[PDB]
Ligand SMILES: OC[C@H]1O[C@H](O[C@H]2[C@H](O)[C@@H](O)[C@H](OCCCCCCC3CCCCC3)O[C@@H]2CO)[C@H](O)[C@@H](O)[C@@H]1O
């Protein structure tokens, strides 16, 4: 039984490091943080006796 | 009485430095003089403790 579906948003800063190689000889690891507003829809149900 | 102490320490560190300097100067006999020098530095550090 569909109880309720709602969407939830939250801002999070994800830090990630990547190894960029330009010209296959200039290789450096750059760490960057991205602030993203992650949004997810949750749909909660419940089981009733048929 | 029993005591157990366990300590683990990990340190990691990386430094990457690249330097490029490209110069080009053409000089005719006191008619045209053209000099172009480009520089590039890239210094990155990354330390991770635990
Ligand atoms: O910083 C900005 C945000 O800070 C909080 O939210 C924090 C949250 O309380 C925390 O748990 C996590 O930060 C830490 C980031 C965790 C994910 C990356 C972890 C990395 C660590 C290094 C190795 C790779 C993974 O998310 C956000 C950060 O925006 C609040 O939502 C609010 O103040 C604001 O919106």
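What you see of chain A is 416-465, where the numbers are those given in Swiss-Prot.
Recorded method for this deposit: electron microscopy, 3.0 Å.
Cβ coordinates are placed from backbone N, Cα and C, and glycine is handled just like the others.
Listed in Swiss-Prot:
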DISULFID  A:432-A:446  disulfide bond
DISULFID  A:436-A:442  disulfide bond
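Filtering the disulfide-bonded residues A:432, A:436, A:446 for a Cβ under 8 angstroms from any Cβ of chain B leaves A:432, A:446, in order along the sequence. Less than 8 angstroms from the CB of residue A:446 (disulfide bond) sit A:430, A:431, A:432, A:433, each of them six or more residues away in the same chain. Close to residue A:442 (disulfide bond) in the fold, though at least 6 residues off in sequence, lie A:434, A:435, A:436, each with a CB less than 8 Å from its CB.
The local packing around residue A:436 (disulfide bond), expressed as other Cβ atoms within 10 Å of its Cβ over all shown chains, amounts to 9.
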